[PDB]
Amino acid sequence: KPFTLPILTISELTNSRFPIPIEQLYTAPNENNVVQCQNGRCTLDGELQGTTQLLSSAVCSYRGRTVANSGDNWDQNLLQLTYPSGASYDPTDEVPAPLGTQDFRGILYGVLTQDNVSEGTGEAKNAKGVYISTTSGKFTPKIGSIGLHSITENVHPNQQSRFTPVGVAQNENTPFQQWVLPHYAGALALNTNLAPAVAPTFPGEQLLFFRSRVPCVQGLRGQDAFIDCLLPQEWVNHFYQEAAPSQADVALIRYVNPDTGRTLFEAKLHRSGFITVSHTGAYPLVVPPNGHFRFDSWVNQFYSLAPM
């Protein structure tokens, strides 16, 4: 089977690390960042890695049964997890955490829904705003449990519950750090089964990211909470479907404008599932709204890209 990319414009792509559209392509040097996100990880021949699964609707979502955590002034309840599919989760599963688990340090914000309540109970009484913080000693998804900090109304214990992600938050002592992995089993345990860290090795090259702005419900005034993924969800899903054998270490890809039939820039798509471009410095790319990446040809790691 020949390798292909889906034909999708920038506005037709979903971030693989949070359920929101891709807004731009962005390149920057790694500097002191370890680029080792666990969602949106997939090889060109269709092998999913890290905590990656197929559904955008499962990314940073959680499902399970609540249990009371009385006396704890942050996490008043815990969530006993399953997979987002509803299937049973066990810590012995060869994954860093249940598939779709957040892969950034900090506070994830969203809404927990539980047992339905009568109409007369009031407006959105089965909707509880919650913070899921990785700096909490209760953030241990690998061992099947996470802490829920309710903002207003009490979360009920012993109810089948779904967490729907909305954005991130930054409070006075919990910075949002997109390139720092959570301790999936808590601070006393090492992470397991990780998709590897990625970096450019060819001189003059940098990683290219698919960038989104994630809503931020507390903090980052006059700033944007960026979440940067290595592959859009659509690319992950396409490689998984196709499972086309990789013919070389690198797929040469070009961003084309079908309205003009011209190539705007080119990039190297590595077999392990990330992109490099020829550029030095932090830079937001100008892409035409109707443009798209296309597979050009198989090359090796030594291919010298036209400066972008």
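We number the residues from 1 along the sequence you see.
**Q** Using the B-factors recorded in the PDB entry, average over the C-alpha atoms of 20-28 and of 288-296, then report which stretch comes out higher.
**A** According to the PDB entry, the answer is 288-296.
**Q** If you average the CA temperature factors as listed in the entry, which stretch comes out higher, 107-115 or 169-177?
**A** So the stretch with the higher mean C-alpha B-factor is 169-177.
**Q** At the C-alpha atoms, which of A197, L78, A187, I132 reaches the highest B-factor in this entry?
**A** That would be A187.
**Q** Report the option among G147, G100, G86, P141 whose CA atom has the maximum B-factor in the deposited record.
**A** Each of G147, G100, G86, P141 was compared by C-alpha B-factor; the highest is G86.
**Q** Going by the CA temperature factor in the PDB record, which third of the chain does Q247 belong to: lowest, middle or highest?
**A** Highest third, going by the recorded CA B-factors of the chain.
**Q** Tell me, lowest, middle or highest third: where does the Cα B factor of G71 rank within its chain?
**A** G71: CA B-factor falls in the middle third of its chain.
**Q** According to the PDB entry, is the CA B factor of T52 in the bottom, middle or top third of its chain, that is, lowest, middle or highest?
**A** Middle third by C-alpha B-factor.
**Q** Check where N257 lands among this chain's C-alpha B-factors and tell me if it's the lowest, middle or highest third.
**A** Its C-alpha B-factor belongs to the highest third of this chain's values.
**Q** Would you mind ranking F265 by its C-alpha B-factor against the rest of the chain and naming the third, lowest, middle or highest?
**A** Within its chain, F265 is a highest-third residue by C-alpha B-factor, going by the deposited values.
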